[PDB]
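Here the protein sequences come in this chain order: F, E, C, B, D and A.
Using PDB author numbering, the letters of the first sequence map in sequence onto residues 1 to 86, 91 to 183, 187 to 206, 209 to 219.
Using PDB author numbering, the letters of the second sequence map in sequence onto residues 1 to 5, 7 to 86, 89 to 183, 186 to 206, 209 to 219.
Using PDB author numbering, the letters of the third sequence map in sequence onto residues 1 to 86, 91 to 183, 188 to 207, 209 to 219.
Using PDB author numbering, the letters of the fourth sequence map in sequence onto residues 1 to 86, 91 to 175, 179 to 183, 186 to 206, 209 to 219.
Using PDB author numbering, the letters of the fifth sequence map in sequence onto residues 1 to 86, 89 to 183, 186 to 207, 209 to 219.
Using PDB author numbering, the letters of the sixth sequence map in sequence onto residues 1 to 87, 89 to 175, 179 to 183, 186 to 207, 209 to 219.
Beta carbons are placed, not taken as given, at the ideal position from N, Cα and C, and that holds for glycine.
A short worksheet on the structure shown next.
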Amino acid sequence: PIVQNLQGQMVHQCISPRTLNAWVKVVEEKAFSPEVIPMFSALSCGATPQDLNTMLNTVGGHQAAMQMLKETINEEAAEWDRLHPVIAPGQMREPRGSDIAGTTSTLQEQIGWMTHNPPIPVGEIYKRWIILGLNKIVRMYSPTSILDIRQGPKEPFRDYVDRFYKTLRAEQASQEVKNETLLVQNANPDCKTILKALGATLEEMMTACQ
Amino acid sequence: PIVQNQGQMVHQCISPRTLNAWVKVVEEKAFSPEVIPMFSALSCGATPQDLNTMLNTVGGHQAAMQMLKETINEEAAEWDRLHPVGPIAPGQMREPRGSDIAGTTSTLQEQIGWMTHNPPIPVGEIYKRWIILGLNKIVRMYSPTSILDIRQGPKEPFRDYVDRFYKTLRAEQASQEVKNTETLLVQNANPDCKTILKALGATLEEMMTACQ
Amino acid sequence: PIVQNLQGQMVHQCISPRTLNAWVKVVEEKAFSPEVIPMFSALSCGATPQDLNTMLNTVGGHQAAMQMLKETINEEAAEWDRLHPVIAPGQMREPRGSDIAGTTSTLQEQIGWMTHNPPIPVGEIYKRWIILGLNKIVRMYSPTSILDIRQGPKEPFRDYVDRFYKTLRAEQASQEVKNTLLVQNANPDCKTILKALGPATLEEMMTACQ
Amino acid sequence: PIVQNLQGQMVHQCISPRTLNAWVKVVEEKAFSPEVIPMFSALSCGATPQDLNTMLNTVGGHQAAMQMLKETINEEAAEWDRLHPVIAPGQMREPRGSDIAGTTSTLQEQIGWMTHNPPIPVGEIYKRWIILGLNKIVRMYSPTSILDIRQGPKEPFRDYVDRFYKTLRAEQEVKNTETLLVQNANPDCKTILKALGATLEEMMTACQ
Amino acid sequence: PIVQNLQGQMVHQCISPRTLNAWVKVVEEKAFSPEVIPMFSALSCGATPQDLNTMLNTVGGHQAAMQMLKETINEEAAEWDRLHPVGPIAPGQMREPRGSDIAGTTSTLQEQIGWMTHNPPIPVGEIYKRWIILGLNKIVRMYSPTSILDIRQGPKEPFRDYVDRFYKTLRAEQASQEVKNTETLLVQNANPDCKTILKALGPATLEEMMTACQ
Amino acid sequence: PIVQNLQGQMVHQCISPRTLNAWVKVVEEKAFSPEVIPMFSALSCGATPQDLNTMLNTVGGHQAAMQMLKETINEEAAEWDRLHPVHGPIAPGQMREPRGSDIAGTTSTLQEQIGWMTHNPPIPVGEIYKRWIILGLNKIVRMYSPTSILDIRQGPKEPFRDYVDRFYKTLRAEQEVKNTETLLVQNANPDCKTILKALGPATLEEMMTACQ
Ligand SMILES: COc1ccc(-n2c([C@H](Cc3cc(F)cc(F)c3)NC(=O)CN3CCN(S(=O)(=O)c4ccc(N)cc4)CC3=O)nc3ccccc3c2=O)cc1
Ligand SMILES: COc1ccc(-n2c([C@H](Cc3cc(F)cc(F)c3)NC(=O)CN3CCN(S(=O)(=O)c4ccc(N)cc4)CC3=O)nc3ccccc3c2=O)cc1
Ligand SMILES: COc1ccc(-n2c([C@H](Cc3cc(F)cc(F)c3)NC(=O)CN3CCN(S(=O)(=O)c4ccc(N)cc4)CC3=O)nc3ccccc3c2=O)cc1
Ligand SMILES: COc1ccc(-n2c([C@H](Cc3cc(F)cc(F)c3)NC(=O)CN3CCN(S(=O)(=O)c4ccc(N)cc4)CC3=O)nc3ccccc3c2=O)cc1
Ligand SMILES: COc1ccc(-n2c([C@H](Cc3cc(F)cc(F)c3)NC(=O)CN3CCN(S(=O)(=O)c4ccc(N)cc4)CC3=O)nc3ccccc3c2=O)cc1
Ligand SMILES: COc1ccc(-n2c([C@H](Cc3cc(F)cc(F)c3)NC(=O)CN3CCN(S(=O)(=O)c4ccc(N)cc4)CC3=O)nc3ccccc3c2=O)cc1
């Protein structure tokens with residue numbers, strides 16, 4: 001990553017083993033559950049594109065997902081190249101899409117762009133792209149539609165809701181589309200009665218159905 | 001988080018140690034009360050971004066986490082009432100709205116600016132306050148039993164009963180005036198103990216010795 | 001905690017996850033075995049009262065013990081307030101009992117008191133109180149009286165002694181009061201052997218009975 | 001490794017136990033699965049040739065692979081010696101192939117070359133060679149040809165693809186994908202896939 | 001412990017949790033096997049007497065051993081007090099430590115640091131450590147199950163195993179390494197088949214004896 | 001060990017618990033498999049002779065091996081004393098030449114050891130002693146090696162790769181004399199030996216493909 005020495009300067013560090021291991025475990029244990037994204041994002045704090053490639057490369061298995069991911073990166077790099085078409093000796097060049105994915109850039113270039121003032125945050129840009137791709141995967145790997153999350157007849161409301169919102173987190177839509188109407192619909196009769204009786210916070214709905 | 005290098010205050014990444022610690026806490030302890038202090042400790046120094054990171058890494062408990070978002074909305078709206086916010092002065096640092104504190108509408112730089120500025124606007128600590136509010140409501144929610152239903156089993160050692168009593172009591176939300186203890190504790194004691202305890206006019212230490 | 005930067009200044013750090021986890025494990029694994037006290041004391045090296053509260057709060061279960069602990073803290077804070085009753093703008097105020105327990109003080113105050121020269125070691129004072137309470141608990145949680153630690157007829161002396169001293173460690177009295189019963193409670197075969205020596210090191214007694 | 005002190009200077013550190021253990025575990029758990037290469041590369045960030053030797057030496061087992069590896073290093077060192085044939093008192097000498105593998109160089113030389121301006125990145129060069137050898141091994145240890153990765157008749161497309169690309173990784180103009190993937194798909198899917206002109212996302216939706 | 005800041009000065013740190021845990025595990029896993037001593041010594045690198053007390057206090061169980069240990073410390077502190085007797091101290095100045103100051107009983111942490119970091123150092127940490135290690139040796143011998151005399155090579159026991167037992171057992175026992183000075189009782193206690201073979205060589210390296218009996 | 005402070009100076013550190021534990025585990029898990037040597041060498045990066053003694057002392061069990069090791073150290077210290085005999090009473094203040102036993106950390110203090118190592122030019126007593134220990138560790142590894150390379154014959158149902166793995170593992174335990187693809191072919195089973203003999207004495212890669 002790039003991080004700040006107790007002096008003041010911004011310097012390149014290696015990825016820790018702690019971070020490497022953390023990432024592999026995440027992927028091993030949690031597949032492409034949604035909470036992988038924030039965990040990836042956190043574990044890639046400071047990351048150069050090189051570090052992001054390292055991280056993705058250490059993922060074995062899920063190679064369909066990872067090819068899908070490469071496709072999503074191609075799309076976003078091509079779009080970057082549309083919006084910013086691209091040389092002076094000594095000076096620092098503008099990065100193409102493929103420079104951001106760390107394909108055509110060297111580490112030094114990547115550091116140059118990131119630590120320059122103002123920064124070209126190629127790490128953060130590539131990360132944005134990877135996270136796009138990771139969302140598409142998470143939805144892909146999502147087993148069940150939110151429509152098929154119905155409260156079991158002997159299912160405590162809380163459990164149902166847990167499933168509801170877990171499932172909902174996996175899917176991709178405007179948070180307008182994601183914004187407690189299907190929650191009530193899919194509730195079981197006993198609860199739906201109780202919930203329909205109110206005009209309500211989730212806290213209220215969960216108390217009411219407890 | 002924000003922490004101290007030399008002498009200057011600087012942004013660090015969240016450690017993997019901290020991330021893992023938080024996930025484990027939530028995996029192992031659900032929303033047992035001791036999650037709150039553990040969250041608070043593990044979020045020492047945290048920017049709102051770090052707090053979001055932490056909450057995002059929680060998979061499962063998504064009902065709780067939506068409940069949490071609601072509690073944050075309530076407190077942000079109230080913040081916006083108490084501190085209304089033009090085009091800001093160029094260069095200068097703007098007043099944060101509620102949603103800036105939850106790290107929704109602020110950038111990391113803004114968040115750092117507010118926290119490290121002198122005097123500090125401790126957006127990290129404010130958001131943390133809100134999250135902890137929400138976490139308490141959840142802990143009460145996830146609490147299975149009312150303190151009224153904590154009755155000493157007929158073959159239950161007093162100490163165990165008390166452990167349950169106070170564990171259960173910790174889960175519930177009220178002024179410690181309302182929680183103020187050694188009245189329902191005695192009531193709910195089993196006969197053998199209730200006799201012994203009623204005999205005294209007493210510390211918990213004394214009650215536990217007496218019933219041992 | 002408060003600890004020293006490689007420069008020289010005394011500065012506040014967060015509690016490490018390592019320390020948090022260490023403390024929880026201690027309590028999970030060892031309950032209120034006596035060796036919890038020194039382990040708590042070590043893990044609270046440098047601690048502000050805030051850190052001490054954090055640590056105690058992370059203990060789930062043993063809530064009877066922890067209420068008992070709060071009572072012991074009340075006693076000692078009230079006594080502090082007896083011995084030291086009692091504001092100037094800018095200046096640093098004298099801490100009441102409840103300021104030491106971190107109830108009524110802010111972190112800044114706590115740091116102020118501790119890092120001031122001369123120090124008001126509120127961390128160390130509160131720690132003293134907590135350790136008082138922890139001793140009362142350890143005695144409480146102690147199953148057996150030292151009087152009831154009798155060497156089994158087929159029990160190796162060393163085991164007996166191990167039990168003896170473990171049990172003895174749990175109980176609360178001046179080490180004058182703890183400073188005879190080891191020999192008394194020994195089984196006949198050993199008691200003969202031990203009585204044969206002139207009121209002897211433990212090493213000697215354990216060799217003699219081996 | 002060679003890494004940067006909070007001051008600013010470049011200095012030699014020992015390999016951490018964390019790194020050593022990490023590497024051994026990788027090799028124990030993942031054998032010569034492809035993701036070992038990037039994991040080796042990451043864990044050898046900063047490495048002197050000495051550190052690279054250390055790392056390879058700590059691998060017990062897979063001694064066939066490791067001899068194969070030595071052969072690949074010989075080839076690349078000999079080639080280095082062809083392309084750069086090879091002292092002034094005080095001054096720093098040009099490294100032969102065997103100096104890069106850390107066989108004939110001392111640690112000091114290795115540091116000298118790496119930290120000199122401009123750098124002679126013997127660490128990175130040797131690493132390049134090791135990674136060459138590691139690829140040959142990964143292909144060796146690969147059980148199945150991409151030709152023999154056929155979608156089972158009751159195999160979900162995603163699983164098939166996972167196998168396809170895992171297998172493909174073990175073996179990029181030549182690797183260039187959405188031609189043998191379709192060929193080897195089972196009938197039901199091949200129909201559906203042939204119907205499109209397509210991203211993998213699209214193909215996987217279509218076959219789901 | 002006392003350790004050196006990246007500047008240059010010597011400063012007190014807390015004991016790490018890593019160190020605490022390490023010590024407890026050692027004692028849990030390895031009891032009073034001999035390799036506990038060097039492990040204690042290593043884990044107590046830099047230690048103040050306070051840190052040494054902390055470490056010993058975190059040991060639960062083995063309380064017989066730990067009382068034995070206290071006795072050994074009393075003996076050595078009393079002897080210290082004989083060899084270095086100690089008025090009201092000069093104001094400001096640093097006092098001579100009694101035995102009980104070295105065990106961290108009567109000294110404060112500040113005193114302990116003062117003694118250790120002063121030039122020349124009074125290495126109270128290292129002295130107390132010396133005492134603890136004395137006591138730990140007596141314990142290790144105590145907890146040692148078998149005498150070296152009773153380590154006889156089994157009739158179907160490979161020599162190497164026998165030797166492993168021999169020297170493990172020998173390590174547990176306390177005498178001058180003159181008294182421990186090896187390849188005499190090792191041969192005696194060897195089983196017949198080996199004793200023949202070993203006696204055939206002229207009083209030989211251990212390597213040679215182990216090859217010969219393989 | 002001796003290592004470099006982020007300033008620039010060379011300073012003594014304690015051995016980490018991480019390093020101690022690492023070493024013990026290595027020895028527990030891997031006995032005297034050959035890869036213990038490089039692992040020891042790595043874990044003893046920076047080591048004073050004191051640190052090397054610490055490390056060896058923490059090894060319980062394998063006490064035969066460890067006595068064998070002491071013998072190997074005696075041999076090499078005596079030889080050191082032959083090649084470098086020691087000067089009267091030493092110059093006051095000045096740093097003395099180390100005898101063999103000073104290098105094994107038997108007769109030297111830590112300060113002396115640091116003095117020798119950090120002096121310019123360095124007397125690398127750590128590295129010298131390490132050399133000796135590694136000599137002894139090799140003799141042990143060969144000792145603890147169960148099988149001769151001659152007795153590594155490819156099983157009739159043994160995949161070549163496995164055979165080779167055994168071959169070279171075994172060979173590592175025991179480089180002109182070690183120089186290889188001659189006994190490897192000899193000891194191959196008939197089916198493979200045919201195939202391998204067909205190629206003109209070939210890389211190992213080629214031999215392993217051919218026999219796969
Ligand atoms: C498409 O965007 C890309 C493509 C490549 C990289 N890239 C990479 C990426 C990082 C990566 C990993 C992922 F899991 C998912 C991602 F999205 C990104 N790794 C690789 O490409 C390595 N790698 C080899 C090729 N194949 S394959 O199966 O044989 C194959 C062959 C042909 C076709 N058509 C399809 C697949 C698998 C594979 O992994 N590694 C770098 C390492 C060192 C320096 C540079 C790079 C760099 O640039 C980065 C982004
Ligand atoms: C309610 O206040 C908020 C709202 C959003 C955030 N927020 C967040 C928060 C952090 C968070 C996590 C919690 F578990 C609980 C909390 F209270 C806070 N997480 C997310 O938004 C991620 N996320 C996706 C959306 N849903 S959902 O189920 O599809 C869904 C969709 C619509 C409706 N109406 C209900 C549910 C689940 C989910 O998590 N992550 C950020 C990351 C990067 C920058 C910014 C942010 C930021 O702003 C923070 C506080
Ligand atoms: C008794 O002295 C005290 C009392 C409270 C605190 N204190 C604390 C303490 C620290 C603590 C934890 C212990 F396990 C044991 C201890 F002795 C000390 N914790 C709490 O107050 C948290 N907490 C909630 C209340 N109860 S209860 O069961 O509902 C309950 C209900 C009715 C009655 N009458 C009594 C108790 C349990 C509980 O835990 N946490 C702080 C955090 C942030 C800033 C400040 C504080 C601060 O001041 C510290 C010392
Ligand atoms: C081939 O290129 C080389 C050759 C040697 C080294 N090298 C090394 C290498 C590192 C290494 C490890 C690998 F797994 C794979 C690699 F490719 C590279 N390790 C060793 O040499 C150790 N080692 C000895 C030789 N054999 S063997 O079985 O006896 C043998 C003998 C004859 C024949 N024909 C076949 C096999 C096994 C063995 O392991 N260790 C160093 C350590 C200290 C300083 C220097 C060195 C250095 O130079 C490095 C690269
Ligand atoms: C004998 O020399 C000593 C005596 C006491 C200490 N000492 C200590 C020592 C350190 C220690 C631990 C060991 F495992 C072994 C050692 F050798 C040394 N620990 C204790 O005192 C704790 N402790 C309490 C007393 N008993 S007991 O069973 O009730 C008991 C009762 C009656 C009789 N006659 C004998 C024992 C058990 C016990 O454990 N802890 C300090 C902590 C804070 C500041 C100071 C001290 C300090 O000075 C250090 C050395
Ligand atoms: C021969 O070279 C030596 C001899 C001794 C040391 N040495 C040591 C060495 C380090 C060491 C460990 C090894 F596993 C193997 C090695 F080769 C080297 N350790 C010991 O001496 C510890 N130790 C105790 C004695 N015995 S025994 O079985 O009772 C015994 C008694 C008599 C006879 N004849 C045979 C065996 C076993 C034992 O273990 N520890 C130091 C620690 C503190 C300061 C100094 C020293 C120092 O000098 C170092 C090198």
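Which of helix, strand or coil DSSP assigns to residue i
| i | result |
| --- | --- |
| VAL11(B) | strand |
| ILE73(D) | helix |
| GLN67(E) | helix |
| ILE2(D) | strand |
| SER16(B) | coil |
| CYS198(D) | helix |
| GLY101(E) | helix |
| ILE37(C) | helix |
| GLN50(C) | helix |
| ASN183(C) | coil |
| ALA209(E) | coil |
Check whether residue i and residue j have beta carbons under 8 Å apart
| i | j | result |
| --- | --- | --- |
| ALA105(E) | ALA65(E) | no |
| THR48(E) | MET118(E) | yes |
| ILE73(D) | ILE134(D) | yes |
| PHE168(C) | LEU151(C) | no |
| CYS45(D) | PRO99(D) | no |
| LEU43(F) | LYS131(F) | no |
| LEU83(A) | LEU6(B) | no |
| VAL24(C) | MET39(C) | no |
Task: Chain-ordered list of residues that sit, by beta carbon, closer than 6 Å to a heavy atom of ligand 2 - done: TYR169(F), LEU172(F), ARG173(F), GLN179(F), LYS182(F), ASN183(F), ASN53(E), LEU56(E), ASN57(E), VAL59(E), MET66(E), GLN67(E), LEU69(E), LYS70(E), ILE73(E), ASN74(E), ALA105(E), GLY106(E) and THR107(E)
Task: Cβ contact check for the segment 162 to 174 of chain D and the segment 142 to 150 of chain D: 3 or more pairs under 8 Å - done: yes
Open item on the list: Taking contact to mean 3 or more Cβ pairs, one atom from each stretch, closer than 8 Å, check whether the segment 55 to 65 of chain E and the segment 64 to 79 of chain C are in contact.
Closed with: no
Task: Whole runs of the alpha helix (DSSP H) within the segment 113 to 158 of chain A, excluding any shorter than 4 residues - done: 126 to 145
Open item on the list: Would you call the segment 31 to 47 of chain C in contact with the segment 9 to 26 of chain E, where contact means no fewer than 3 C-beta pairs closer than 8 Å?
Closed with: no
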